[PDB]
Amino acid sequence: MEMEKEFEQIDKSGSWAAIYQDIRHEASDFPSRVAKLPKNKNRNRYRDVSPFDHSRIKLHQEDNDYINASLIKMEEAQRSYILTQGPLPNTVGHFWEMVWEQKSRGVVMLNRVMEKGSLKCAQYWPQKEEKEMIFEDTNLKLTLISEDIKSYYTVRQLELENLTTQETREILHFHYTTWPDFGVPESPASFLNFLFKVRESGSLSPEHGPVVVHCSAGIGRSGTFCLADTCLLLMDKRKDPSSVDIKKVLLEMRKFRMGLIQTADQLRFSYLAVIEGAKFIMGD
Ligand SMILES: CCC(=O)NC(=S)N1CCCc2ccccc21
């Protein structure tokens, strides 16, 4: 069923809360035993948001390999993403270790460091060129190279050095600065404009490790970004673009990380973004 007609049918019947609960009911439940070990309590921002054991990212160290991050592999789509929480004061070094070990080119940040008067994530990147950051626990150095500030978002060029080997890589930081918490972007338009900038960068392409995507918990805004990207890619690839079922794509992605799309209003925006984006995919 053309998602645009499904959309108007749910909107006119006001049944978004009902569709959403149906997905919550059918979603996968897999064990998260490593996340719940006592030694890992301070590595989790939220008690009720954990990576599944089968899809968790492992840090390459014998001490403790745990980070709150999941590998989302989307089969038909040919795309991978790492979804993670906003780093904590004691996990900023683990975060950059993971970026290094997984060979990621991009980091996509969908939250502000402070929202609703509380800290939603650590200040994990340098704000000035001449004030670099050293992560002594993981032996990494991070330097700000350049910053391009727009109205809705900011792109930064960062240099990450492995202090052990003196190899360096360029990381691109894509920071959406205007998305409300348990809320939605105001127009599908600024969201999509941002998604197309990440794509243009090469950050989502198979020659790199998976893009790292986060918000505060790494399920809500993060889920919206990956869901919209994957649905638009499948519409590009298939003979019949109207065969893309957003609810079925969301359930496939929930096999890899719990709780993706955290409100009935976030799913609706997901639709709008895919539907408006199609206008591009189908040749405009
Ligand atoms: C376990 C892998 C798997 O079976 N994936 C399947 S069926 N689909 C079909 C529809 C939703 C979707 C979206 C992006 C990529 C793949 C898929």
# chains A, B, ... in the order shown; residues from 1 in each chain; ligands from 1
call {"tool": "closest_atom_pairs", "arguments": {"of": "chain A", "to": "ligand 1", "cutoff": "7 Å", "atoms": "only C-alpha atoms and all ligand atoms", "output": "CSV"}}
result
residue,atom,partner,partner_atom_place_in_ligand_line,distance
A:74,CA,ligand 1,15 (C),3.8
A:75,CA,ligand 1,16 (C),4.0
A:76,CA,ligand 1,16 (C),3.7
A:77,CA,ligand 1,15 (C),4.1
A:78,CA,ligand 1,15 (C),6.9
A:230,CA,ligand 1,14 (C),5.9
A:231,CA,ligand 1,13 (C),6.8
A:234,CA,ligand 1,14 (C),6.8
A:245,CA,ligand 1,10 (C),6.9
A:248,CA,ligand 1,11 (C),5.4
A:249,CA,ligand 1,11 (C),3.8
A:252,CA,ligand 1,11 (C),5.8
call {"tool": "select_by_dssp", "arguments": {"residues": "region 16-51 of chain A", "states": "alpha helix (DSSP H)", "output": "list in words"}}
result
residues 16, 17, 18, 19, 20, 21, 22, 23, 24, 25, 26, 33, 34, 35 and 36 of chain A
call {"tool": "write_last_selection", "arguments": {"atoms": "N, CA, C and O atoms", "output": "short mmCIF file (atom, residue, chain, number, x, y, z; two decimals), in the first residue's frame"}}
result
data_model
loop_
_atom_site.label_atom_id
_atom_site.label_comp_id
_atom_site.auth_asym_id
_atom_site.auth_seq_id
_atom_site.Cartn_x
_atom_site.Cartn_y
_atom_site.Cartn_z
N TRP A 16 -2.18 6.93 15.12
CA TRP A 16 -0.69 6.81 15.19
C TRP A 16 -0.30 6.09 16.49
O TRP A 16 0.53 5.16 16.42
N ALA A 17 -0.91 6.46 17.62
CA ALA A 17 -0.62 5.82 18.93
C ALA A 17 -0.86 4.31 18.82
O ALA A 17 -0.07 3.53 19.40
N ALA A 18 -1.87 3.90 18.06
CA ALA A 18 -2.25 2.47 17.90
C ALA A 18 -1.26 1.74 16.99
O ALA A 18 -0.85 0.61 17.35
N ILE A 19 -0.91 2.31 15.83
CA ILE A 19 0.14 1.72 14.94
C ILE A 19 1.42 1.53 15.77
O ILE A 19 2.04 0.41 15.72
N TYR A 20 1.84 2.57 16.49
CA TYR A 20 3.12 2.59 17.24
C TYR A 20 3.12 1.42 18.24
O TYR A 20 4.04 0.57 18.16
N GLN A 21 2.09 1.32 19.09
CA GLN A 21 1.98 0.22 20.09
C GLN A 21 2.05 -1.15 19.42
O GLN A 21 2.65 -2.06 20.03
N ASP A 22 1.48 -1.31 18.24
CA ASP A 22 1.56 -2.59 17.46
C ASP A 22 3.03 -2.95 17.19
O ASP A 22 3.44 -4.14 17.37
N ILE A 23 3.84 -1.97 16.77
CA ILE A 23 5.30 -2.22 16.52
C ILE A 23 5.96 -2.57 17.86
O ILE A 23 6.76 -3.53 17.88
N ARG A 24 5.63 -1.86 18.95
CA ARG A 24 6.26 -2.13 20.27
C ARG A 24 5.97 -3.60 20.62
O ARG A 24 6.88 -4.32 21.10
N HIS A 25 4.76 -4.06 20.33
CA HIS A 25 4.30 -5.42 20.72
C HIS A 25 5.06 -6.50 19.93
O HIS A 25 5.46 -7.50 20.52
N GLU A 26 5.29 -6.29 18.63
CA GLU A 26 5.92 -7.26 17.70
C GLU A 26 7.46 -7.17 17.73
O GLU A 26 8.11 -8.07 17.19
N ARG A 33 22.91 -9.31 28.46
CA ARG A 33 23.55 -9.76 29.72
C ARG A 33 24.84 -8.98 29.95
O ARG A 33 25.09 -8.62 31.10
N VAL A 34 25.67 -8.72 28.93
CA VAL A 34 26.94 -7.97 29.17
C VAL A 34 26.62 -6.56 29.72
O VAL A 34 27.26 -6.15 30.73
N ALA A 35 25.66 -5.85 29.13
CA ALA A 35 25.27 -4.47 29.51
C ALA A 35 24.91 -4.46 31.00
O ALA A 35 25.09 -3.40 31.64
N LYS A 36 24.33 -5.53 31.53
CA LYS A 36 23.76 -5.51 32.91
C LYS A 36 24.79 -5.99 33.93
O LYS A 36 24.45 -5.99 35.11
#
call {"tool": "select_by_dssp", "arguments": {"residues": "region 204-277 of chain A", "states": "strand (DSSP E or B)", "output": "list in words"}}
result
residues 211, 212, 213 and 214 of chain A
call {"tool": "write_last_selection", "arguments": {"atoms": "N, CA, C and O atoms", "output": "PDB file, in the first residue's frame"}}
result
ATOM      1  N   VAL A 211      29.156   4.497   9.734  1.00  0.00           N
ATOM      2  CA  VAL A 211      28.870   5.795  10.405  1.00  0.00           C
ATOM      3  C   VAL A 211      28.461   5.546  11.872  1.00  0.00           C
ATOM      4  O   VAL A 211      27.694   4.533  12.163  1.00  0.00           O
ATOM      5  N   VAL A 212      28.956   6.388  12.790  1.00  0.00           N
ATOM      6  CA  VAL A 212      28.506   6.352  14.216  1.00  0.00           C
ATOM      7  C   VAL A 212      27.408   7.371  14.378  1.00  0.00           C
ATOM      8  O   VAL A 212      27.687   8.586  14.071  1.00  0.00           O
ATOM      9  N   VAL A 213      26.214   6.943  14.795  1.00  0.00           N
ATOM     10  CA  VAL A 213      25.091   7.867  15.053  1.00  0.00           C
ATOM     11  C   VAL A 213      24.616   7.867  16.512  1.00  0.00           C
ATOM     12  O   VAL A 213      24.523   6.778  17.140  1.00  0.00           O
ATOM     13  N   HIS A 214      24.409   9.069  17.077  1.00  0.00           N
ATOM     14  CA  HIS A 214      23.956   9.188  18.481  1.00  0.00           C
ATOM     15  C   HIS A 214      23.004  10.359  18.705  1.00  0.00           C
ATOM     16  O   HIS A 214      23.062  11.387  17.986  1.00  0.00           O
TER      17      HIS A 214
END
call {"tool": "residues_around", "arguments": {"residues": "residue 134 (chain A)", "least_positions_apart": "4", "cutoff": "10 Å", "atoms": "only C-alpha atoms", "output": "list in words"}}
result
residues 93, 126, 138, 139, 140, 141, 142, 143, 160, 161 and 163 of chain A
call {"tool": "closest_atom_pairs", "arguments": {"of": "region 92-195 of chain A", "to": "region 52-71 of chain A", "cutoff": "8 Å", "atoms": "only C-alpha atoms", "output": "JSON lines"}}
result
{"residue": "A:94", "atom": "CA", "partner": "A:67", "partner_atom": "CA", "distance": 7.0}
{"residue": "A:95", "atom": "CA", "partner": "A:67", "partner_atom": "CA", "distance": 7.8}
{"residue": "A:97", "atom": "CA", "partner": "A:59", "partner_atom": "CA", "distance": 7.2}
{"residue": "A:98", "atom": "CA", "partner": "A:59", "partner_atom": "CA", "distance": 6.2}
{"residue": "A:101", "atom": "CA", "partner": "A:60", "partner_atom": "CA", "distance": 7.3}
call {"tool": "write_last_selection", "arguments": {"atoms": "C-alpha atoms", "output": "PDB file, in the first residue's frame"}}
result
ATOM      1  CA  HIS A  94      35.931   4.374  24.720  1.00  0.00           C
ATOM      2  CA  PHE A  95      33.817   6.332  22.137  1.00  0.00           C
ATOM      3  CA  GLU A  97      38.526   4.011  20.518  1.00  0.00           C
ATOM      4  CA  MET A  98      35.377   2.558  18.834  1.00  0.00           C
ATOM      5  CA  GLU A 101      38.783   0.411  15.620  1.00  0.00           C
TER       6      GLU A 101
END
call {"tool": "residues_around", "arguments": {"residues": "residue 156 (chain A)", "least_positions_apart": "4", "cutoff": "9 Å", "atoms": "only C-alpha atoms", "output": "list in words"}}
result
residues 144, 145, 146, 147, 148, 149, 171, 172, 173, 174 and 175 of chain A
call {"tool": "residues_around", "arguments": {"residues": "residue 170 (chain A)", "least_positions_apart": "4", "cutoff": "8 Å", "atoms": "only C-alpha atoms", "output": "PyMOL selection string"}}
result
chain A and resi 105+157-160
call {"tool": "closest_residue", "arguments": {"among": "A:272, A:205, A:8, A:118", "to": "residue 187 (chain A)", "atoms": "only C-alpha atoms"}}
result
A:272
call {"tool": "closest_residue", "arguments": {"among": "A:189, A:278, A:109, A:99", "to": "residue 235 (chain A)", "atoms": "only C-alpha atoms"}}
result
A:278
call {"tool": "closest_residue", "arguments": {"among": "A:282, A:273, A:225, A:260", "to": "residue 240 (chain A)", "atoms": "only C-alpha atoms"}}
result
A:282
call {"tool": "closest_residue", "arguments": {"among": "A:204, A:261, A:217, A:119", "to": "residue 50 (chain A)", "atoms": "only C-alpha atoms"}}
result
A:217
call {"tool": "residues_around", "arguments": {"residues": "residue 228 (chain A)", "least_positions_apart": "3", "cutoff": "12 Å", "atoms": "only C-alpha atoms", "output": "PyMOL selection string"}}
result
chain A and resi 77+188+191-192+194-196+221-225+231-235+244-247+249-250+253+261+266-278
call {"tool": "write_last_selection", "arguments": {"atoms": "C-alpha atoms", "output": "PDB file, in the first residue's frame"}}
result
ATOM      1  CA  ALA A  77      19.553  -2.020   1.742  1.00  0.00           C
ATOM      2  CA  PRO A 188      10.948  17.326   6.921  1.00  0.00           C
ATOM      3  CA  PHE A 191      16.169  17.021   8.347  1.00  0.00           C
ATOM      4  CA  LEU A 192      16.452  15.742   4.703  1.00  0.00           C
ATOM      5  CA  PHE A 194      21.095  17.352   6.651  1.00  0.00           C
ATOM      6  CA  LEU A 195      20.787  13.626   5.641  1.00  0.00           C
ATOM      7  CA  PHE A 196      21.869  14.511   2.029  1.00  0.00           C
ATOM      8  CA  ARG A 221      16.280  10.726  16.932  1.00  0.00           C
ATOM      9  CA  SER A 222      19.047   8.186  16.002  1.00  0.00           C
ATOM     10  CA  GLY A 223      16.352   5.666  14.929  1.00  0.00           C
ATOM     11  CA  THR A 224      14.598   8.314  12.784  1.00  0.00           C
ATOM     12  CA  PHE A 225      17.832   9.137  10.872  1.00  0.00           C
ATOM     13  CA  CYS A 231      13.803   3.409   3.302  1.00  0.00           C
ATOM     14  CA  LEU A 232      14.954   6.006   0.666  1.00  0.00           C
ATOM     15  CA  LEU A 233      17.853   3.691  -0.411  1.00  0.00           C
ATOM     16  CA  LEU A 234      15.428   0.698  -0.853  1.00  0.00           C
ATOM     17  CA  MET A 235      13.055   2.978  -2.933  1.00  0.00           C
ATOM     18  CA  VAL A 244       8.778  -0.280   0.647  1.00  0.00           C
ATOM     19  CA  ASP A 245       6.972  -0.945   3.959  1.00  0.00           C
ATOM     20  CA  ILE A 246       8.375   1.504   6.604  1.00  0.00           C
ATOM     21  CA  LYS A 247       6.880  -0.527   9.554  1.00  0.00           C
ATOM     22  CA  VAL A 249      11.958  -1.816   7.829  1.00  0.00           C
ATOM     23  CA  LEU A 250      11.619  -0.513  11.456  1.00  0.00           C
ATOM     24  CA  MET A 253      16.210  -2.593  12.465  1.00  0.00           C
ATOM     25  CA  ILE A 261      11.677   5.378  17.292  1.00  0.00           C
ATOM     26  CA  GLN A 266       8.654  10.323  15.565  1.00  0.00           C
ATOM     27  CA  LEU A 267       7.194   7.530  13.292  1.00  0.00           C
ATOM     28  CA  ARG A 268       4.865  10.021  11.487  1.00  0.00           C
ATOM     29  CA  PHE A 269       7.848  12.384  10.820  1.00  0.00           C
ATOM     30  CA  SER A 270       9.743   9.236   9.589  1.00  0.00           C
ATOM     31  CA  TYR A 271       6.927   8.720   6.988  1.00  0.00           C
ATOM     32  CA  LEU A 272       6.886  12.423   5.870  1.00  0.00           C
ATOM     33  CA  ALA A 273      10.724  12.421   5.472  1.00  0.00           C
ATOM     34  CA  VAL A 274      10.641   9.203   3.308  1.00  0.00           C
ATOM     35  CA  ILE A 275       7.606  10.473   1.272  1.00  0.00           C
ATOM     36  CA  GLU A 276       9.096  13.978   0.593  1.00  0.00           C
ATOM     37  CA  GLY A 277      12.542  12.389  -0.095  1.00  0.00           C
ATOM     38  CA  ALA A 278      10.953  10.082  -2.739  1.00  0.00           C
TER      39      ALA A 278
END
call {"tool": "atom_distance", "arguments": {"atom1": "CA of residue 127 (chain A)", "atom2": "CA of residue 198 (chain A)"}}
result
20.9 Å
call {"tool": "decode", "arguments": {"residues": "region 259-279 of chain A", "atoms": "N, CA and C atoms", "output": "compact mmCIF listing (two decimals), in the first residue's frame"}}
result
# COMPACT_ATOMS: atom_id res chain seq x y z
N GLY A 259 14.08 -0.38 20.97
CA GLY A 259 13.43 0.92 21.25
C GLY A 259 13.54 1.96 20.14
N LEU A 260 14.04 1.59 18.96
CA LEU A 260 14.28 2.57 17.87
C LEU A 260 12.94 3.21 17.50
N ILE A 261 12.91 4.55 17.44
CA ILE A 261 11.68 5.38 17.29
C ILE A 261 10.93 5.33 18.63
N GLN A 262 11.00 6.43 19.39
CA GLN A 262 10.64 6.46 20.84
C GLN A 262 9.30 7.17 21.06
N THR A 263 8.61 7.62 20.01
CA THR A 263 7.27 8.27 20.12
C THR A 263 6.42 8.02 18.87
N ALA A 264 5.08 7.99 19.02
CA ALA A 264 4.17 7.97 17.86
C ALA A 264 4.42 9.18 16.94
N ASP A 265 4.85 10.33 17.46
CA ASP A 265 5.10 11.52 16.60
C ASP A 265 6.39 11.33 15.79
N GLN A 266 7.36 10.55 16.27
CA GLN A 266 8.65 10.32 15.56
C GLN A 266 8.44 9.41 14.35
N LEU A 267 7.52 8.44 14.42
CA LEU A 267 7.19 7.53 13.29
C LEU A 267 6.56 8.35 12.16
N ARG A 268 5.57 9.18 12.48
CA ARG A 268 4.86 10.02 11.49
C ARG A 268 5.88 10.88 10.73
N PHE A 269 6.77 11.58 11.45
CA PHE A 269 7.85 12.38 10.82
C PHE A 269 8.68 11.47 9.91
N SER A 270 8.99 10.25 10.37
CA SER A 270 9.74 9.24 9.59
C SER A 270 9.05 9.08 8.23
N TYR A 271 7.74 8.81 8.23
CA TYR A 271 6.93 8.72 6.99
C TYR A 271 7.19 9.95 6.12
N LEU A 272 6.82 11.14 6.62
CA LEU A 272 6.89 12.42 5.87
C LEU A 272 8.25 12.56 5.20
N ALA A 273 9.33 12.31 5.95
CA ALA A 273 10.72 12.42 5.47
C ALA A 273 10.92 11.48 4.28
N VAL A 274 10.49 10.22 4.39
CA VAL A 274 10.64 9.20 3.31
C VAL A 274 9.82 9.67 2.10
N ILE A 275 8.59 10.12 2.34
CA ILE A 275 7.61 10.47 1.27
C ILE A 275 8.13 11.70 0.51
N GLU A 276 8.58 12.73 1.22
CA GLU A 276 9.10 13.98 0.59
C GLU A 276 10.41 13.66 -0.13
N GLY A 277 11.25 12.81 0.47
CA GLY A 277 12.54 12.39 -0.10
C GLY A 277 12.36 11.65 -1.41
N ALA A 278 11.30 10.85 -1.52
CA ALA A 278 10.95 10.08 -2.74
C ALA A 278 10.93 11.04 -3.93
N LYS A 279 10.32 12.22 -3.75
CA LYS A 279 10.20 13.26 -4.81
C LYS A 279 11.57 13.42 -5.48
